[PDB]
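Numbered as in this note's numbering, the sequence shown ends at 263 without a single skipped number.
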Amino acid sequence: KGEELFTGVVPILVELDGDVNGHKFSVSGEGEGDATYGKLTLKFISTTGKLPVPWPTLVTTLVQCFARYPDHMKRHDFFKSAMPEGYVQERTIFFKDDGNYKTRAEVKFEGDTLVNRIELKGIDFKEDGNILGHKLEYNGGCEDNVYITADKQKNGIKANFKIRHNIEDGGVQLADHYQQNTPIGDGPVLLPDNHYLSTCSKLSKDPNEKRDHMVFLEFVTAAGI
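1. Would you check if the distance between the CB atom of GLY178 and the CB atom of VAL258 is smaller than 9 Å?
2. Give the secondary structure of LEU100 by DSSP, where H, G and I count as helix, E and B as strand, and everything else as coil.
3. So who's on the other strand from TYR125, going by DSSP bridges?
4. What separation, rounded to the nearest whole angstrom, lies between the Cα atoms of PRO92 and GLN127?
5. Helix, strand or coil: which one does DSSP assign to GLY167?
6. Once you ignore the five residues that flank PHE104 on each side, which residues in its own chain have a CB closer than 6 Å to its CB?
7. Comparing C-alpha positions only, which one of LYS62, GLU68, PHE44, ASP57 sits nearest to residue 22?
8. If you measure from the beta carbon of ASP135 to each beta carbon in chain C, is any gap under 9 Å?
9. Identify the residues that DSSP records as bridge partners of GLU256: which are they?
10. Does the structure place the stretch 175-191 close enough to the stretch 231-241 that three or more beta carbon pairs sit under 8 Å?
11. How would you write the range of the alpha helix (DSSP H) that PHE117 sits in, first residue to last?
12. If we count the other Cβ atoms within 10 Å of its Cβ and call it buried at 16 or more, is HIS114 buried or exposed?
13. Pull up the distance between the alpha-carbon of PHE132 and that of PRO49, whole angstroms please.
14. Measure the beta-carbon distance from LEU170 to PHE163 and round it to whole angstroms, keeping in mind my assumption that it falls under 8 Å.
15. Exposed or buried, which one is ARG129 when buried takes at least 16 other CB atoms within 10 Å?
16. Closer than 6 Å by C-beta to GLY160: which residues in its own chain qualify, once you throw out the five before and the five after it? Chain order, please.
17. Put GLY69 into one of helix, strand or coil per three-state DSSP.
Structure representation (structure tokens):
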């Protein structure tokens, strides 16, 4: 059972290769996840200098297998059931009145470590917009619940949710997330009934960190059944 792989604290490594309007950047992340508490503690670093986009816009792209599914919902945890082979997570994130991200990631175990290797491509972003202009507050913003539905055709799941980033000069920047997850292996997975994940994140900085970075804390819990 893939759930047995998350009984304790699991180390995490994240790799993101990004490209926004043709400007390449790379982010390396590490930390740990405790599915018993739906708790994620991560630190992310840009290895290519100042990012061309705000950190809050990459939060969702930068491991839902660490969601806490209560006992009465364990049958609906697709993410852990796909482990250790893992799953492919793909998203299109439409930023209202701005560009969009298209992301493809492989979430799988490499040894005792849960790894998230991501490719991100952003296009049609406006230099005078909130994203390329770095006009978003540094926080998790209003995070709508992640509504998950089964996709038996792909033996996986789909998800939909909006992120609302506060704009420093007042207002909000909507980010419409459209998500699809498919298992990497051919083994059996758990196709869930309709449910959602509740998220709460806290973004902070490391005083000793010289590079553009993000210290990240998240609690994710399933509900709706």
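Ideal Cβ placement from N, Cα and C applies to all residues, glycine included.
So, from the listed chains and residues:
1. no
2. coil
3. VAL145, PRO221
4. 21 Å
5. coil
6. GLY71, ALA73, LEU78
7. As shown, the chain starts at 39 and ends at 263. That puts residue 22 outside it, with no answer to give.
8. Note that chain C does not occur in the displayed structure, where there is just one protein chain.
9. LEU78, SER239
10. yes
11. 116-119
12. buried
13. 31 Å
14. 5 Å
15. buried
16. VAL58, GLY137, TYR139
17. strand
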